[PDB]
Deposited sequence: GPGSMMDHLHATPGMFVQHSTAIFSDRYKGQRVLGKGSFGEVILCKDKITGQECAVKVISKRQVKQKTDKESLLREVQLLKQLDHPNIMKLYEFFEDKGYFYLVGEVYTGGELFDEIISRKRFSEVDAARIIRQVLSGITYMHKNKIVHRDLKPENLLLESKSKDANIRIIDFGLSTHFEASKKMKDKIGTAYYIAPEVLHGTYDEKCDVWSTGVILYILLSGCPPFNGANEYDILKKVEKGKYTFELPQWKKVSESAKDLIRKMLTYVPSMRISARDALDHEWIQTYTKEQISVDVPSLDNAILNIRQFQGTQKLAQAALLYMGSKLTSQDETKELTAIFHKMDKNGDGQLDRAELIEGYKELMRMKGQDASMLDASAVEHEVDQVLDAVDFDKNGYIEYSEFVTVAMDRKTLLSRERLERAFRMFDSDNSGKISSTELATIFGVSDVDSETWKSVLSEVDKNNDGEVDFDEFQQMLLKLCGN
């Protein structure tokens, strides 16, 4: 009767981290349908609404259908979790595709924004507000050239409370409407976020920027911005006009999603030089955000693995009723499973069969040795991604990040200026204003108490 998620679906692999929880690629055990499952930890994420309100929103979301909005198929609830089962998209984030292009024009910017507005307009007709629209919530349907955009996370912000941790709110500040900051907001907040996104498409720079999260919000709240950057001289007047209307401070004076679809700009440019400088700035901006994000996730994984190594060792020690330092495969599974009850982070192993497979992957690579391998398996996933993000950021292949650049990266990561300079002095007392990768990594290690 009360159907169980894992009776119907098996996890195949991880798709990554989104807002409110992790996303797993899953497969229906009978029909073979692939789906993306977002798993929200009730312990980690507080609800803003009562159960019956969430159920009703979900029943509505399942019935809604639009080409630029993620399809939701199913919803489950158990003791500790919510499972949102939707269509899986394989084209990745819009901005990562954009930075892979040789050229990008207003026609490309217009076709992108028409799609977002068209998705937004439909959802507003149905009384659903996103609130947290940003490039990271804009997925490409597949790898194809003319790939449709699919907006993810519509409706969730109404029912769940956002994380206050910086690793979860990288990038959020540039896109939030000022009225959301003060508490009285409605669907016009999504037109604002779209206007900031459009501003970034045409210039590659946020209209409201600053050295850290609070600086950005101060700029957003004041609400002022300019088209005084030289890359605007190359942009149509009617595009700015649209941007001005979408970024109008008083929401009741701000243009609707529906009316923005009928704006000259959308109408003219969805039927013409390449914005070279914009692509360059977007590429720098994406590189900066991803490195900052990878840095904070690396530090977290290191603190998590420090916690869980000590925890698993004490569990395995107590289970060592022999005292001989060794355990069976059966007991190793009971202790690994027990580590998974206490903690609530492994979305990837939310089933008894999943834990047996991870254990078998570790055994193929004396509980002490098993503990090292089981936990290095967790951290090296985030460690390899750090290095990859460092290499991506270092676009000139110099091998080094300058002091100016660290300041930008640590500003975006909300690591205090005095704090990271002190850490650098401790890694290299003679440093000459630049760090290679291993020094950078050494700094992050010191910034999470290691």
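Stretches of the deposited sequence lacking C-alpha coordinates, numbered from 1: 1-19, 291-296, 391-399.
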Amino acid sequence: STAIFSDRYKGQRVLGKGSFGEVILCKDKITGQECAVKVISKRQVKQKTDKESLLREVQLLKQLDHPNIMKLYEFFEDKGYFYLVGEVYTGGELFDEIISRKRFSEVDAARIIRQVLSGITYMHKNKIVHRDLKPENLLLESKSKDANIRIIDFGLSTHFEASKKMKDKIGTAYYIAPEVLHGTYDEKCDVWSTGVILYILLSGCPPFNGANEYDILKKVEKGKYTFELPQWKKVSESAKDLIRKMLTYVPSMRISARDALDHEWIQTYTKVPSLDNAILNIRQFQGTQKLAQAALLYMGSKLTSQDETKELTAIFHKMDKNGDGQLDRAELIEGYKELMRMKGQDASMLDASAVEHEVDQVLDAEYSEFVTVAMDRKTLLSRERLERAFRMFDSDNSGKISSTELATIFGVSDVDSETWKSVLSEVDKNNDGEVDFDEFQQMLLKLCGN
From here on, numbers count along this sequence of modelled residues.
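Definition used throughout: the rigid core is the maximal C-alpha set that superposes within 1.5 Å between two forms.
Of the two stretches examined, 289-297 and 220-228, the one with higher mean CA deviation in 9 other deposited structures of this protein after a rigid core fit is 289-297. Larger average C-alpha displacement in 9 other deposited structures of this protein, relative to the shown form after a rigid core fit, is seen for 137-145 when comparing 254-262 with 137-145. At least a third of the other compared entries skip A352 while keeping the residues on either side. Looking at the other PDB entries for this protein, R111 is present in the model in all of those that include the residues around it, rather than absent from a third.
Two stretches are in play, 229-237 and 349-357, and the higher mean C-alpha B-factor belongs to 349-357. With 300-308 and 185-193 compared on mean CA B-factor from the PDB entry, the stretch scoring higher is 300-308.
Across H130, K134, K378, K218, the entry's maximum B-factor at the CA atom is seen for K378. Residues shown: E74, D259, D153, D146. Highest C-alpha temperature factor in the entry: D146. Compared with the other modelled residues of the chain, the Cα B-factor recorded for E439 ranks in the lowest third. Among the modelled residues of its chain, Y81 has a C-alpha B-factor that falls in the middle third according to the deposited record. In this PDB entry, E87 carries a Cα temperature factor that places it within the lowest third of its chain's modelled residues. When the CA B factors of the chain's modelled residues are split into thirds, the value for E106 lands in the middle one. Remark: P207 belongs to the lowest third of its chain, ranked by C-alpha B-factor as recorded.
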